[PDB]
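Enquirer: My structure is in work-v5.txt, and what it holds is compact mmCIF, C-alpha atoms:
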```
# COMPACT_ATOMS: atom_id res chain seq x y z
CA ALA H 24 16.74 -10.08 12.44
CA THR H 25 14.33 -10.51 9.55
CA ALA H 26 11.92 -7.78 8.53
CA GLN H 27 8.36 -8.32 9.73
CA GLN H 28 5.82 -10.24 7.66
CA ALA H 29 2.35 -11.74 7.85
CA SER H 30 0.35 -14.24 5.81
CA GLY H 31 -3.26 -14.35 4.76
CA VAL H 32 -4.51 -10.85 5.62
CA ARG H 33 -7.31 -9.04 3.85
CA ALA H 34 -6.60 -6.22 1.38
CA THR H 35 -9.45 -3.94 0.39
CA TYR H 36 -9.20 -1.01 -2.00
CA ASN H 37 -9.60 2.73 -1.70
CA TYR H 38 -9.64 5.33 -4.47
CA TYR H 39 -6.61 7.45 -3.53
CA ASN H 40 -5.96 7.92 -7.28
CA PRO H 41 -2.51 9.52 -6.85
CA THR H 42 -2.01 9.71 -10.59
CA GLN H 43 -5.10 11.88 -10.96
CA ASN H 44 -3.66 14.22 -8.32
CA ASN H 45 0.11 14.69 -8.83
CA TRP H 46 0.83 11.98 -6.22
CA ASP H 47 -0.05 14.55 -3.56
CA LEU H 48 -0.07 13.01 -0.07
CA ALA H 49 -2.33 15.71 1.38
CA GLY H 50 -5.28 14.15 3.14
CA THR H 51 -3.43 10.95 4.09
CA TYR H 52 -2.24 10.20 7.62
CA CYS H 53 1.41 10.15 6.54
CA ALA H 54 1.29 13.63 4.98
CA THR H 55 2.49 15.10 8.31
CA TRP H 56 5.93 13.53 7.78
CA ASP H 57 6.10 12.63 4.10
CA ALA H 58 4.16 15.19 2.01
CA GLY H 59 7.34 17.21 1.36
CA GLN H 60 9.13 14.30 -0.30
CA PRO H 61 10.01 14.75 -3.99
CA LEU H 62 7.77 13.42 -6.75
CA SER H 63 10.32 10.67 -7.49
CA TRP H 64 9.79 9.35 -3.97
CA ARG H 65 6.04 9.89 -3.80
CA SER H 66 5.47 8.14 -7.13
CA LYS H 67 8.08 5.35 -6.91
CA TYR H 68 5.55 2.73 -5.80
CA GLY H 69 1.79 2.32 -5.73
CA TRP H 70 0.10 3.38 -2.51
CA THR H 71 -1.47 1.56 0.43
CA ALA H 72 -2.88 2.11 3.88
CA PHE H 73 -1.46 -0.36 6.39
CA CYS H 74 -2.69 -1.88 9.67
CA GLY H 75 -1.22 -5.37 9.67
CA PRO H 76 -0.66 -7.48 12.79
CA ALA H 77 3.12 -7.69 12.34
CA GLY H 78 5.48 -4.77 11.87
CA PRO H 79 5.43 -1.07 12.73
CA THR H 80 2.13 0.71 12.24
CA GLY H 81 0.84 4.26 12.40
CA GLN H 82 3.42 7.02 12.49
CA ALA H 83 6.43 4.65 12.56
CA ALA H 84 5.23 2.86 9.42
CA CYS H 85 4.79 5.98 7.27
CA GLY H 86 6.81 5.81 4.06
CA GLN H 87 7.96 2.23 4.53
CA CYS H 88 7.61 -0.29 1.70
CA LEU H 89 5.90 -3.68 1.54
CA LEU H 90 6.25 -6.55 -0.92
CA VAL H 91 2.62 -7.70 -1.23
CA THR H 92 1.69 -11.07 -2.75
CA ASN H 93 -1.81 -11.99 -3.98
CA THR H 94 -2.20 -15.54 -2.62
CA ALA H 95 -4.87 -16.39 -5.24
CA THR H 96 -2.52 -15.89 -8.20
CA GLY H 97 1.12 -15.45 -7.08
CA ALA H 98 1.24 -11.86 -8.35
CA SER H 99 3.39 -9.54 -6.29
CA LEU H 100 4.04 -5.81 -6.09
CA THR H 101 5.97 -3.39 -3.91
CA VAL H 102 3.85 -0.62 -2.39
CA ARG H 103 4.51 2.37 -0.15
CA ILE H 104 2.64 2.94 3.11
CA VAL H 105 0.98 6.37 2.94
CA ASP H 106 -1.89 5.90 5.39
CA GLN H 107 -3.12 3.87 8.34
CA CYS H 108 -6.29 1.76 8.34
CA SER H 109 -8.54 0.69 11.21
CA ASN H 110 -8.48 -3.13 10.82
CA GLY H 111 -5.73 -5.69 10.46
CA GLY H 112 -4.80 -5.69 6.82
CA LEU H 113 -4.15 -3.35 3.91
CA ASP H 114 -6.33 -0.79 2.10
CA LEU H 115 -4.64 -0.73 -1.30
CA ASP H 116 -5.02 2.14 -3.72
CA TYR H 117 -7.21 0.67 -6.43
CA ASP H 118 -5.53 2.13 -9.50
CA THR H 119 -1.87 1.72 -8.47
CA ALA H 120 -1.91 -1.41 -6.27
CA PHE H 121 -5.14 -3.44 -6.08
CA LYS H 122 -5.75 -3.54 -9.86
CA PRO H 123 -2.16 -4.62 -10.76
CA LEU H 124 -2.23 -7.32 -8.06
CA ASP H 125 -5.69 -8.62 -9.09
CA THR H 126 -4.33 -10.47 -12.09
CA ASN H 127 -7.27 -12.87 -12.56
CA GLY H 128 -9.91 -10.24 -11.72
CA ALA H 129 -11.37 -12.21 -8.80
CA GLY H 130 -10.51 -9.52 -6.28
CA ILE H 131 -12.84 -6.86 -7.62
CA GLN H 132 -15.64 -9.42 -7.73
CA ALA H 133 -15.11 -10.29 -4.07
CA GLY H 134 -14.29 -6.75 -2.92
CA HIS H 135 -10.89 -7.78 -1.49
CA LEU H 136 -7.76 -9.84 -1.98
CA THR H 137 -6.09 -12.20 0.46
CA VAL H 138 -2.43 -11.22 0.60
CA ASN H 139 0.85 -11.88 2.27
CA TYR H 140 3.17 -8.98 2.99
CA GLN H 141 6.76 -8.40 4.06
CA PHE H 142 8.53 -5.14 4.86
CA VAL H 143 11.29 -4.48 2.33
CA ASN H 144 13.96 -1.88 1.66
CA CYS H 145 12.43 0.97 -0.37
CA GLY H 146 15.70 1.70 -2.13
CA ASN H 147 15.08 5.44 -1.79
```
Here is a file; write its structure as structure tokens.
Expert:
Amino acid sequence: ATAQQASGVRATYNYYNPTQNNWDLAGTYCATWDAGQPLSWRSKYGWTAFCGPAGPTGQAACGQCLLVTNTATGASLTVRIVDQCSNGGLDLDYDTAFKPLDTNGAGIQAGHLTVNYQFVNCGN
């Protein structure tokens, strides 16, 4: 079957700042399973927390990849799930995911983006 997807969910941002910290997963929920991965894996894609209404979540979602589309502009980006959030959307790392998706700057004025997402092959 097709990989899971949802449309029109909210994406906020969080300052994980993996590039200021050697892409270290310590402190994220997924560190339990994924912190030992090589730098090439940890830094392949920008980071997000995930809690969408379609697809695996929590432990089963750790390390999976999402193609995220900003519905206000058409920008898209692949991100890696490194954490879980407590709503029904995404909490994108600001530096490595929210900022590159916010191509007209409206997202930081509103405090969020409206995005679609689909699970995709990470190509690891």
Enquirer: Could you check which of H:110, H:65, H:117, H:95 is closest to residue 129 in chain H, using only C-alpha atoms?
Expert: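 That would be H:95, the residue with the smallest distance to residue 129 in chain H.
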Enquirer: Using only C-alpha atoms, give me every residue within 6 Å of (-3.2, 6.2, 8.8) in file coordinates, as a JSON list (two decimals) with C-alpha atoms, in the frame of the given file.
Expert:
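Written output follows (point_3.json):
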```json
[["chain", "number", "residue", "atom", "x", "y", "z"],
["H", 52, "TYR", "CA", -2.24, 10.20, 7.62],
["H", 81, "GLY", "CA", 0.84, 4.26, 12.40],
["H", 106, "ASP", "CA", -1.89, 5.90, 5.39],
["H", 107, "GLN", "CA", -3.12, 3.87, 8.34],
["H", 108, "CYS", "CA", -6.29, 1.76, 8.34]]
```
Enquirer: Pick the closest to residue 145 in chain H from H:67, H:130, H:84, H:122: which is it, counting all atoms listed in the file?
Expert: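 Counting all atoms listed in the file, the residue closest to residue 145 in chain H is H:67.
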Enquirer: Taking all atoms listed in the file into account, which of H:93, H:144, H:87, H:55 comes nearest residue 33 in chain H?
Expert: H:93
Enquirer: Quick check, in Å to one decimal: how far apart do CA of residue 120 in chain H and CA of residue 102 in chain H lie?
Expert: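 The value is 7.0 Å.
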Enquirer: Just give me the gap between CA of residue 51 in chain H and CA of residue 112 in chain H in Å, one decimal is fine.
Expert: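 Taking CA of residue 51 in chain H as the start and CA of residue 112 in chain H as the end point, the length is 16.9 Å.
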Enquirer: Which of these, H:99, H:137, H:119, H:132, has the shortest distance to residue 32 in chain H once you count all atoms listed in the file?
Expert: H:137
Enquirer: Identify, on the basis of all atoms listed in the file, every residue whose closest approach to residue 85 in chain H does not exceed 10 Å; exclude the query and any residue fewer than 3 positions from it along the same chain; express the result as a short mmCIF file (atom, residue, chain, number, x, y, z; two decimals) with C-alpha atoms, keeping the file's coordinate frame.
Expert:
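In the end it all went to around-v1.cif:
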```
data_model
loop_
_atom_site.label_atom_id
_atom_site.label_comp_id
_atom_site.auth_asym_id
_atom_site.auth_seq_id
_atom_site.Cartn_x
_atom_site.Cartn_y
_atom_site.Cartn_z
CA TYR H 52 -2.24 10.20 7.62
CA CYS H 53 1.41 10.15 6.54
CA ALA H 54 1.29 13.63 4.98
CA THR H 55 2.49 15.10 8.31
CA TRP H 56 5.93 13.53 7.78
CA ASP H 57 6.10 12.63 4.10
CA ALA H 72 -2.88 2.11 3.88
CA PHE H 73 -1.46 -0.36 6.39
CA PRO H 79 5.43 -1.07 12.73
CA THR H 80 2.13 0.71 12.24
CA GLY H 81 0.84 4.26 12.40
CA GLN H 82 3.42 7.02 12.49
CA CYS H 88 7.61 -0.29 1.70
CA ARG H 103 4.51 2.37 -0.15
CA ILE H 104 2.64 2.94 3.11
CA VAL H 105 0.98 6.37 2.94
CA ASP H 106 -1.89 5.90 5.39
CA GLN H 107 -3.12 3.87 8.34
#
```
Enquirer: To one decimal in Å, tell me the separation between CA of residue 146 in chain H and CA of residue 127 in chain H.
Expert: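 That distance, rounded to one decimal, is 29.1 Å.
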Enquirer: Kindly indicate which residue among H:136, H:89, H:115, H:131 lies nearest to residue 40 in chain H, using all atoms listed in the file for the distances.
Expert: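 Using all atoms listed in the file, residue 40 in chain H sits closest to H:115.
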Enquirer: Could you check which of H:83, H:124, H:138, H:26 is closest to residue 100 in chain H, using only C-alpha atoms?
Expert: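 Using only C-alpha atoms, residue 100 in chain H sits closest to H:124.
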Enquirer: For residue 111 in chain H, work out the shell of residues within 7 Å, counting all atoms listed in the file and skipping chain neighbours fewer than 4 positions away, then give it as a ChimeraX atom specification.
Expert: /H:74-76
Enquirer: Would you pick out the contacts of residue 61 in chain H at 12 Å or less, using only C-alpha atoms, so that residues sharing its chain but fewer than 3 positions from it are not included, and give the list as a PDB file with C-alpha atoms, in the coordinates of the input?
Expert:
```pdb
ATOM      1  CA  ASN H  45       0.110  14.690  -8.830  1.00  0.00           C
ATOM      2  CA  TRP H  46       0.830  11.980  -6.220  1.00  0.00           C
ATOM      3  CA  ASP H  47      -0.050  14.550  -3.560  1.00  0.00           C
ATOM      4  CA  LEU H  48      -0.070  13.010  -0.070  1.00  0.00           C
ATOM      5  CA  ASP H  57       6.100  12.630   4.100  1.00  0.00           C
ATOM      6  CA  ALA H  58       4.160  15.190   2.010  1.00  0.00           C
ATOM      7  CA  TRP H  64       9.790   9.350  -3.970  1.00  0.00           C
ATOM      8  CA  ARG H  65       6.040   9.890  -3.800  1.00  0.00           C
ATOM      9  CA  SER H  66       5.470   8.140  -7.130  1.00  0.00           C
ATOM     10  CA  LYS H  67       8.080   5.350  -6.910  1.00  0.00           C
ATOM     11  CA  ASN H 147      15.080   5.440  -1.790  1.00  0.00           C
TER      12      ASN H 147
END
```
